[PDB]
Each structure stands twice: as structure tokens, then as C-alpha cells.
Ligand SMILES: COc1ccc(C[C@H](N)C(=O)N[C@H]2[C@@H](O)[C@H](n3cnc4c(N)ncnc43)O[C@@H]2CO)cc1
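Just one chain is shown here, as C-alpha cells, and it is the form deposited without the named molecule.
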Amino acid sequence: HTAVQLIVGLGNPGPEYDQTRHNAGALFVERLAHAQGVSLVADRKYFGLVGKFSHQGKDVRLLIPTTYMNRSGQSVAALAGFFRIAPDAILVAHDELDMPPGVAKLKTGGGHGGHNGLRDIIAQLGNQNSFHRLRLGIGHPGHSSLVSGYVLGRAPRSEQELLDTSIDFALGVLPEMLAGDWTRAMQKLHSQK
């Protein structure tokens, strides 16, 4: 297995985007940081908020880019490059349109699915090295022309509660994810309600 050394939580910075669907990834990392007693430091050198905690003798770093979503790769590449972290040791949490609230899944490699954050990360790191993704369901509005406004909207209470539940499920498989045991992680996670 390849142990995870970097967990990224995607989102837009600023009050305008706080609590919006498109920040689901950042929410996951915020929750994870709190649970692990990690302080997220604003480090301009990595264009985001950065923290770390030890696991099995190695530093696991948490990153929330504070660039625009569409320049997230700049942040990931800065931190990954500085600490010589290979893409296979990177986990990126993000909002997933193709899954409803309450559902979280894991995936290695693949495309960005219109997600411009993943898009930029894939561009900055390359196409030859896959990284792992924690896909946090936020639902789909039902038409492509509504996607932009939908992800930038604040979901109703019921949907926010469901997202929180999927995040709880995801944290439940943190031991497997940190170890790089994605088969077991998916087994335990994708079998949740």
C-alpha cells in the first residue's frame, strides 16, 4: 500500500462561498483537522491553509487551497512539490454532482467530471500520475445550465445534514484511507446505507 501523505479539501475562499455546496471537500478537511487536533495555518507559500499530524511515523498534511477553485492545482503542486509527495499519496476530497447528498465514495484516477478544481489539479500534476478522490455527494440540479449556480448555492437543511452524514461515514474509514488500503476503504464506505 501507498500511505497517504496529503489530504486536500477543495472549495472557494471568502464569505461569499462559505457553506456552499462547492466547498464540501474543504468541509471534510475542516472536520478531519478538528478531529485530529490539527491547526490549519494560512501559509502563503502553499496558497492555502496547511496543517499536519503524524501517522505511523510519517507526516500527513492537510491542505485547503485558498486560490480560486479553478487554480487549486497551484496550491496542491506547491505543497506536494516542496515535500516531494507523489500523486499516488494524495487524496482529494470534493463535491460530487453525480451522487446525492448522503453518499460518499472513493475513486482512483479518472477525469474531473466538469469539476474545475480537479481539472486544474490534474493539469498541474499531470495525466500520467493518478491521485485518489473522496467524492462527496451534493446532488445534481437536472440541467447543465444550472450547475454553476447550484454548486455556488447553499443547500437546504435536509441536504446539508445528509452531506454531514456522508462526511462522518468517510471519517469512519480514515484508518484504511491513511494506510492506502482503498479496497477495504471502499468496502466499508460504499456499504453504508
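A residue's number is simply how far along the shown sequence it sits, counting from 1. Residues that one form lacks are left out of the comparison. Basically, rigid core = biggest C-alpha set you can superpose within 1.5 Å across the two forms.
- Per the PDB record, of the two stretches 184 to 192 and 4 to 12, 184 to 192 carries the greater mean B-factor over its C-alpha atoms.
- Mean CA B-factor, 95 to 103 versus 67 to 75: the higher value falls on 67 to 75.
- In the PDB entry, the Cα temperature factor peaks, among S54, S166, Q160, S39, at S54.
- Of the candidates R135, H132, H143, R61, it is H143 whose Cα B-factor is highest according to the PDB record.
- The entry lists a Cα temperature factor for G172 that places it in the highest third of the chain's modelled residues.
- Ranked by Cα temperature factor within the chain, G153 sits in the lowest third according to the deposited record.
- Placement of the Cα temperature factor of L49 within the chain: middle third of the modelled residues, per the deposited record.
One more form of this protein exists, namely the form deposited with the named molecule bound; it is left out here, but the text below deals with it.
- Using a 4.5 angstroms threshold between heavy atoms, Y68 counts as touching the named molecule in the entry with it bound.
- Taking the partner from the other structure, the named molecule in the entry with it bound has no heavy atom within 4.5 Å of any heavy atom of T108.
- The named molecule is not shown here, and in the entry with it bound it never comes within 4.5 Å of any heavy atom of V103.
- Using a 4.5 angstroms threshold between heavy atoms, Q160 stays clear of the named molecule in the entry with it bound.
- Shown without its partner, this chain lists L79, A89, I122, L97 as candidates; in the entry with it bound, only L97 has a non-hydrogen atom within 4.5 angstroms of the named molecule.
- Checking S148, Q36, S39, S130 against the named molecule in the entry with it bound, a heavy atom within 4.5 Å turns up for just one residue: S148.
- Per the 4.5 Å heavy atom criterion, the named molecule in the entry with it bound is contacted by stretch 150 to 158, the sole one of 53 to 61, 122 to 130, 25 to 33, 150 to 158.
- Taking the named molecule as it sits in the entry with it bound, the stretch 96 to 124 comes within 4.5 angstroms of it through a non-hydrogen atom at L97, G113, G114, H115, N116, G117.
- Taking the core as reference between the shown form and the other one, the lone member of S144, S158, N127, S54 whose Cα moves by 2 Å or more is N127.
- The protein segment that moves between the shown form and the other one, counted as a run of at least three consecutive residues with every Cα displaced by 2 Å or more relative to the fitted core, is 126 to 129 alone.
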